[PDB]
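Presented below, as structure tokens, is a lone chain in the form deposited in one PDB entry.
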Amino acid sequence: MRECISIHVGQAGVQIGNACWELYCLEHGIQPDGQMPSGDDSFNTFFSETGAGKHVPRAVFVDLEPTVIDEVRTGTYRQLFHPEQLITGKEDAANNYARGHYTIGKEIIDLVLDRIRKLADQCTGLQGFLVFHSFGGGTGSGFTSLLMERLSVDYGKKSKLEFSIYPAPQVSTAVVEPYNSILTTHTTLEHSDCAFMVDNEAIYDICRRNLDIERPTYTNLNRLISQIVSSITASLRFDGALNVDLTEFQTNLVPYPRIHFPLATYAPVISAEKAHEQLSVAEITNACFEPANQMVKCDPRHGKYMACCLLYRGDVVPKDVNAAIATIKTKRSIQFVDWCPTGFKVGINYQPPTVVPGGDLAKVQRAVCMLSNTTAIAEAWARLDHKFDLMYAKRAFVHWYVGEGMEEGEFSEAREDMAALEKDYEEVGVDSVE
């Protein structure tokens, strides 16, 4: 009952998946071989069980090239996954959305759907899918949107949530990433119910500033991302004081189907080397409204909130949370839209954040992840749309997409949808009449 299927697409999706499932194993006491030396039954939402007591992730890893998934196949957690869950092609999408969605993607889409069907047919109450991918890759953008479209046909309105990596120049970008980003966003928009964007620049800055890492690696970035993903999914994997199921998340975060991009803020992010009193519920909650700890670079202080979901974990009691929220409710500087009488949803889980050995994060007694639907997230769209417009005005690189069977009309159609999305975020923030 209440199962969740995770789908990891492309390099970014796969590598972030490695960090998430490593963390989940550590949180639930599952060994790399799937054995669980042994209570709380809730972890079965993410793990199925074999007759020989092996706990297997309800996950599928897909990439159009084999080298990233090959590291999973030979790595520490090679025994955790059944070979059929790890799917690879021979040639990647070459950072081209059209190859991921059409030319190369079409060759492996049916096989991926078959493996997802096999996992779905082991569920007695599937809650939905969690899809991990980059915006910039040819596979992360193209294959994901193709998969998302096919999942809507095979599973109707079954919830599909995304964890999308938003491109940053500091963290290994490619020239055509803004194109892939707008194309995937346009094609996935009606198929996704909620998407958590993770700006690589924000994660990079948090690693540099809060963890003292001079030049962060993907391992540094992904371990931090996994901590935030774990906070979002902990509500499904544990039985806490106040629980939040998948449908409850969306009902309380998404006011309109297109307006489904919450901003994630996590606290505390403390260095392992940092030698130091423990932060209170009020302190960590206040930190959720400071820009330094955001997952996307934007300014909520100059936008309007539509919803706020606070996901606490560790040593936390409702009384302290309510007192912290009461002080936030009397902060003139945090403005909600006039059509939202009560914008909070709270979740509390007993299990404190887990430290991966050899990791950069310090062990904390309590942590919180705020998911807020703010009009400020449209700044991130605006930055990507501008980069798209600079190149598209000259039709630079478009021949690579047209050569794969795409039409120029699809570029302008995707861009017009982004313009409407920016306009939707503007309209949603305006005051109501009379």
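One-based numbering along the sequence shown. Note that the rigid core is defined as the largest set of C-alphas that superpose within 1.5 Å between two forms.
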**Study point:** Size class of the missing deposited segment between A275 and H276
**Key:** 1 to 3
Exercise for review: Could you check which stretch, 416-424 or 21-29, carries the larger mean CA temperature factor in the entry?
Suggested key: 21-29
Practice item. For the higher mean C-alpha B factor in the entry, choose 161-169 or 116-124. Key: 116-124
Check your understanding: Highest Cα B-factor in the deposition, which of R99, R258, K363, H133?
Key -> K363
Review point. For the listed residues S152, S280, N200, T185, which one has the largest C-alpha B-factor as given in the deposited model?
Key: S280
Practice item. Would you check the entry's CA temperature factor for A52 and let me know if it's in the chain's lowest, middle or highest third? Key: highest
Study note, to complete from the structure: Entry-reported C-alpha B-factor of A174 relative to its chain, by third, is middle
Practice item. Tell me, lowest, middle or highest third: where does the Cα B factor of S38 rank within its chain? Key: highest
Exercise for review: State the tercile, meaning the lowest, middle or highest third, of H191 with respect to the CA B-factors recorded for its chain.
Suggested key: lowest
Exercise for review: Tell me, lowest, middle or highest third: where does the Cα B factor of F61 rank within its chain?
Suggested key: middle
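One more form of this protein, deposited in another entry, exists but is not displayed; see below.
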Check your understanding: With the rigid core superposed, which of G343, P268, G128, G314 has its C-alpha shift by 2 Å or more between this form and the one not shown?
Key -> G343
Review point. Does superposing the core leave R215 with a CA shift of 2 Å or more between this form and the one not shown?
Key: no
Review point. With both forms fit on the core, has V112 moved 2 Å or more by CA between this form and the one not shown?
Key: no
Exercise for review: Using a rigid core alignment, state whether the CA of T330 is displaced by 2 Å or more between this form and the one not shown.
Suggested key: yes
**Study point:** Residue pair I228, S172 - Cα distance in that other deposited form, closer or farther (3 Å or more)
**Key:** farther
Study note, to complete from the structure: Shown form as baseline, in that other deposited form, CA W400-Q170 shift of 3 Å or more puts them closer
